[PDB]
Amino acid sequence: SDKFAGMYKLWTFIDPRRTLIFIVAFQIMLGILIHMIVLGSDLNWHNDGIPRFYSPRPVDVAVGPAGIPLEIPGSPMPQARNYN
Amino acid sequence: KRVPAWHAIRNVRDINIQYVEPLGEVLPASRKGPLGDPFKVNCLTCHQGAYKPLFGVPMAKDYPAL
Ligand code: BCL
Ligand SMILES: COC(C)(C)CCC/C(C)=C/C=C/C(C)=C/C=C/C(C)=C/C=C/C=C(C)/C=C/C=C(C)/C=C/C=C(\C)CCCC(C)(C)OC
Ligand code: HEM
Ligand SMILES: [Ca+2]
Ligand SMILES: [Ca+2]
């Protein structure tokens with residue numbers, strides 16, 4: 001209604017410089033944050049493989065009866081894993 | 001790898017209790033220590049600083065005597 005007609009008076013005790021600075025900084029921060037939240041999701045568009053994958057794909061390593069990769073019988077160092 | 005080490009312990013005890021220490025009667029005084037007991041077996045007696053002795057080349061299958 002006509003109850004909002006005197007809202008400009010807001011700027012007689014809230015100043016423009018600090019307000020503009022705060023707004024701009026906050027908007028950039030929010031932009032970066034939302035892009036990173038959507039990237040870390042199922043909606044990720046850089047890594048989805050649409051329209052095509054461009055890098056080579058992961059290759060699994062076969063395991064032994066203990067569930068970890070097999071040792072190689074003359075290697076002078078054990079084999080790496082990442083899961084334990 | 002913790003589960004083989006658990007067996008290793010027991011294995012070494014066998015080697016030392018049943019076989020090597022009773023040989024203290026047969027060997028000369030050259031093969032004994034200050035307290036008069038023979039030399040015994042450790043983890044280092046076969047690993048010798050590797051995660052498997054000789055990096056795990058299977059030598060023993062070719063000999064049916066062992
Ligand atoms: C796949 C797309 C992603 C998405 C990816 C991004 C990315 C990337 C960015 C945003 C940005 C914005 N997004 Mg978005 N956004 C999504 C879903 C939403 C939903 C929702 C209800 O689903 C809402 C409310 C928003 C709202 C917003 C604003 C907070 C922000 C705009 C800048 C700003 O200062 O806003 C003030 C303006 C408003 C609050 C009005 C805008 C609301 C818009 C129109 C959302 C309406 C959508 C919803 C379906 C409406 C339902 C109502 C009716 C049935 C039609 N998004 C989906 C999940 N969004 C940008 C930002 O933070 O810039 C600073 C930004 O970089
Ligand atoms: C010179 O002119 C003069 C000064 C004389 C006249 C000036 C006139 C003007 C311009 C006046 C302007 C006035 C304005 C712009 C007023 C705006 C007022 C607003 C938008 C007020 C909104 C208030 C909202 C409130 C108080 C909401 C509070 C919410 C609370 C406390 C929620 C608590 C929720 C909890 C704790 C839940 C937690 C949930 C969970 C699960 C995450 O917790 C673990
Ligand atoms: C108490 C000391 C010992 C410990 C803690 C120990 C521990 C282990 C461990 C953990 C492995 C598995 C290695 C791996 O898969 O990465 C292993 C293998 C092996 N150890 Fe020992 N060991 C000990 C003593 C010995 C001794 C004295 C010998 C010789 C008599 C020996 C012979 C072997 C052999 C042959 C293997 C390889 C077996 C395989 O291929 O799986 N170990 N040891
Ligand atoms: Ca894509
Ligand atoms: Ca025995």
# chains A, B, ... in the order shown; residues from 1 in each chain; ligands from 1
$ closest_atom_pairs --of "chain A" --to "ligand 4" --cutoff "12 Å" --atoms "only C-alpha atoms and all ligand atoms" --output "tab-separated table"
residue	atom	partner	partner_atom_place_in_ligand_line	distance
A:39	CA	ligand 4	1 (Ca)	11.2
A:42	CA	ligand 4	1 (Ca)	11.8
A:43	CA	ligand 4	1 (Ca)	9.9
A:44	CA	ligand 4	1 (Ca)	7.8
A:45	CA	ligand 4	1 (Ca)	4.4
A:46	CA	ligand 4	1 (Ca)	4.6
A:47	CA	ligand 4	1 (Ca)	5.9
A:48	CA	ligand 4	1 (Ca)	5.2
A:49	CA	ligand 4	1 (Ca)	5.6
A:50	CA	ligand 4	1 (Ca)	4.4
A:51	CA	ligand 4	1 (Ca)	6.0
A:52	CA	ligand 4	1 (Ca)	7.6
A:53	CA	ligand 4	1 (Ca)	8.4
A:54	CA	ligand 4	1 (Ca)	10.1
$ interface_residues --of "chain A" --to "chain B" --cutoff "12 Å" --atoms "only C-alpha atoms" --output "MDAnalysis selection string"
chainID A and resid 66:68 70:79 84
$ write_last_selection --atoms "N, CA, C and O atoms" --output "PDB file, in the first residue's frame"
ATOM      1  N   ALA A  66      42.968 -61.527   0.345  1.00  0.00           N
ATOM      2  CA  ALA A  66      42.894 -60.672   1.530  1.00  0.00           C
ATOM      3  C   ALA A  66      42.239 -59.319   1.238  1.00  0.00           C
ATOM      4  O   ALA A  66      42.107 -58.492   2.141  1.00  0.00           O
ATOM      5  N   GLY A  67      41.841 -59.098  -0.024  1.00  0.00           N
ATOM      6  CA  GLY A  67      41.080 -57.930  -0.411  1.00  0.00           C
ATOM      7  C   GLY A  67      41.979 -56.759  -0.797  1.00  0.00           C
ATOM      8  O   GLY A  67      41.444 -55.704  -1.151  1.00  0.00           O
ATOM      9  N   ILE A  68      43.308 -56.945  -0.794  1.00  0.00           N
ATOM     10  CA  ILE A  68      44.202 -55.867  -1.176  1.00  0.00           C
ATOM     11  C   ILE A  68      44.988 -56.320  -2.396  1.00  0.00           C
ATOM     12  O   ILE A  68      45.054 -57.512  -2.657  1.00  0.00           O
ATOM     13  N   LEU A  70      47.786 -57.577  -5.144  1.00  0.00           N
ATOM     14  CA  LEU A  70      48.795 -58.626  -4.982  1.00  0.00           C
ATOM     15  C   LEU A  70      50.214 -58.075  -5.004  1.00  0.00           C
ATOM     16  O   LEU A  70      50.503 -57.121  -5.715  1.00  0.00           O
ATOM     17  N   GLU A  71      51.091 -58.717  -4.237  1.00  0.00           N
ATOM     18  CA  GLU A  71      52.491 -58.348  -4.233  1.00  0.00           C
ATOM     19  C   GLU A  71      53.171 -58.961  -5.448  1.00  0.00           C
ATOM     20  O   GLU A  71      52.719 -59.993  -5.956  1.00  0.00           O
ATOM     21  N   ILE A  72      54.256 -58.314  -5.901  1.00  0.00           N
ATOM     22  CA  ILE A  72      54.956 -58.717  -7.110  1.00  0.00           C
ATOM     23  C   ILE A  72      56.297 -59.332  -6.731  1.00  0.00           C
ATOM     24  O   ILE A  72      57.069 -58.757  -5.986  1.00  0.00           O
ATOM     25  N   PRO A  73      56.563 -60.595  -7.111  1.00  0.00           N
ATOM     26  CA  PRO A  73      57.622 -61.372  -6.485  1.00  0.00           C
ATOM     27  C   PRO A  73      59.070 -61.034  -6.760  1.00  0.00           C
ATOM     28  O   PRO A  73      59.926 -61.867  -6.502  1.00  0.00           O
ATOM     29  N   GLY A  74      59.390 -59.827  -7.168  1.00  0.00           N
ATOM     30  CA  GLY A  74      60.778 -59.471  -6.892  1.00  0.00           C
ATOM     31  C   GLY A  74      60.945 -57.972  -6.722  1.00  0.00           C
ATOM     32  O   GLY A  74      62.019 -57.410  -6.947  1.00  0.00           O
ATOM     33  N   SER A  75      59.840 -57.306  -6.392  1.00  0.00           N
ATOM     34  CA  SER A  75      59.852 -55.863  -6.291  1.00  0.00           C
ATOM     35  C   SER A  75      60.531 -55.479  -4.997  1.00  0.00           C
ATOM     36  O   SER A  75      60.153 -55.964  -3.944  1.00  0.00           O
ATOM     37  N   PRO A  76      61.497 -54.551  -5.003  1.00  0.00           N
ATOM     38  CA  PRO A  76      62.058 -54.064  -3.748  1.00  0.00           C
ATOM     39  C   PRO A  76      61.274 -53.027  -2.945  1.00  0.00           C
ATOM     40  O   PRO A  76      61.888 -52.301  -2.187  1.00  0.00           O
ATOM     41  N   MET A  77      59.949 -52.980  -3.068  1.00  0.00           N
ATOM     42  CA  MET A  77      59.089 -52.095  -2.304  1.00  0.00           C
ATOM     43  C   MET A  77      57.684 -52.692  -2.359  1.00  0.00           C
ATOM     44  O   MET A  77      57.266 -53.216  -3.393  1.00  0.00           O
ATOM     45  N   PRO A  78      56.871 -52.602  -1.290  1.00  0.00           N
ATOM     46  CA  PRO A  78      55.511 -53.147  -1.371  1.00  0.00           C
ATOM     47  C   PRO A  78      54.622 -52.312  -2.304  1.00  0.00           C
ATOM     48  O   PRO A  78      55.006 -51.254  -2.811  1.00  0.00           O
ATOM     49  N   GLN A  79      53.416 -52.806  -2.569  1.00  0.00           N
ATOM     50  CA  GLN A  79      52.480 -52.173  -3.498  1.00  0.00           C
ATOM     51  C   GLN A  79      51.593 -51.185  -2.774  1.00  0.00           C
ATOM     52  O   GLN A  79      51.227 -51.492  -1.642  1.00  0.00           O
ATOM     53  N   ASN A  84      42.841 -49.405   2.628  1.00  0.00           N
ATOM     54  CA  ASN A  84      42.902 -50.247   3.824  1.00  0.00           C
ATOM     55  C   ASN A  84      41.563 -50.937   4.168  1.00  0.00           C
ATOM     56  O   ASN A  84      41.028 -50.685   5.243  1.00  0.00           O
TER      57      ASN A  84
END
$ residues_near_ligand --ligand "ligand 1" --cutoff "10 Å" --atoms "only C-alpha atoms and all ligand atoms" --output "list in words"
residues 23, 24, 25, 26, 27, 28, 29, 30, 31, 32, 33, 34, 35, 36, 37, 38, 39, 43, 44 and 45 of chain A
$ write_last_selection --atoms "C-alpha atoms" --output "mmCIF file, in the first residue's frame"
data_model
loop_
_atom_site.group_PDB
_atom_site.id
_atom_site.type_symbol
_atom_site.label_atom_id
_atom_site.label_comp_id
_atom_site.auth_asym_id
_atom_site.auth_seq_id
_atom_site.Cartn_x
_atom_site.Cartn_y
_atom_site.Cartn_z
ATOM 1 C CA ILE A 23 26.444 -5.696 -0.797
ATOM 2 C CA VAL A 24 29.049 -6.168 -3.531
ATOM 3 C CA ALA A 25 31.384 -8.263 -1.389
ATOM 4 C CA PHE A 26 28.535 -10.462 -0.175
ATOM 5 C CA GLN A 27 27.217 -11.055 -3.707
ATOM 6 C CA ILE A 28 30.612 -12.208 -5.024
ATOM 7 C CA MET A 29 31.104 -14.482 -1.976
ATOM 8 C CA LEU A 30 27.649 -16.031 -2.520
ATOM 9 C CA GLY A 31 28.316 -16.534 -6.264
ATOM 10 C CA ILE A 32 31.481 -18.515 -5.687
ATOM 11 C CA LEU A 33 29.879 -20.543 -2.877
ATOM 12 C CA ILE A 34 26.816 -21.627 -4.872
ATOM 13 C CA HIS A 35 28.897 -22.587 -7.925
ATOM 14 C CA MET A 36 31.089 -24.793 -5.663
ATOM 15 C CA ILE A 37 28.062 -26.352 -3.912
ATOM 16 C CA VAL A 38 26.473 -27.318 -7.253
ATOM 17 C CA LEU A 39 29.848 -28.599 -8.574
ATOM 18 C CA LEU A 43 24.313 -31.663 -11.081
ATOM 19 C CA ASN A 44 28.080 -31.081 -11.788
ATOM 20 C CA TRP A 45 28.443 -29.978 -15.406
#
$ residues_around --residues "residue 20 (chain B)" --least-positions-apart "2" --cutoff "9 Å" --atoms "only C-alpha atoms" --output "count of residues only"
11
$ closest_atom_pairs --of "chain A" --to "ligand 2" --cutoff "9 Å" --atoms "only C-alpha atoms and all ligand atoms" --output "tab-separated table"
residue	atom	partner	partner_atom_place_in_ligand_line	distance
A:4	CA	ligand 2	10 (C)	8.4
A:6	CA	ligand 2	10 (C)	6.5
A:7	CA	ligand 2	10 (C)	4.3
A:8	CA	ligand 2	10 (C)	6.3
A:9	CA	ligand 2	2 (O)	5.1
A:10	CA	ligand 2	10 (C)	3.8
A:11	CA	ligand 2	10 (C)	7.6
A:12	CA	ligand 2	1 (C)	6.1
A:13	CA	ligand 2	1 (C)	6.9
$ closest_residue --among "B:26, B:14, B:35, B:42" --to "ligand 3" --atoms "only C-alpha atoms and all ligand atoms"
B:42
$ closest_residue --among "B:46, B:27, B:7, B:59" --to "ligand 3" --atoms "only C-alpha atoms and all ligand atoms"
B:46
$ closest_residue --among "A:40, A:16, A:65, A:58" --to "ligand 3" --atoms "only C-alpha atoms and all ligand atoms"
A:65
$ select_by_dssp --residues "region 23-66 of chain A" --states "alpha helix (DSSP H)" --output "ChimeraX atom specification"
/A:23-39
$ closest_residue --among "B:66, B:19, B:36, B:45" --to "ligand 5" --atoms "only C-alpha atoms and all ligand atoms"
B:19
$ closest_residue --among "B:3, B:43, B:60, B:65" --to "ligand 3" --atoms "only C-alpha atoms and all ligand atoms"
B:43
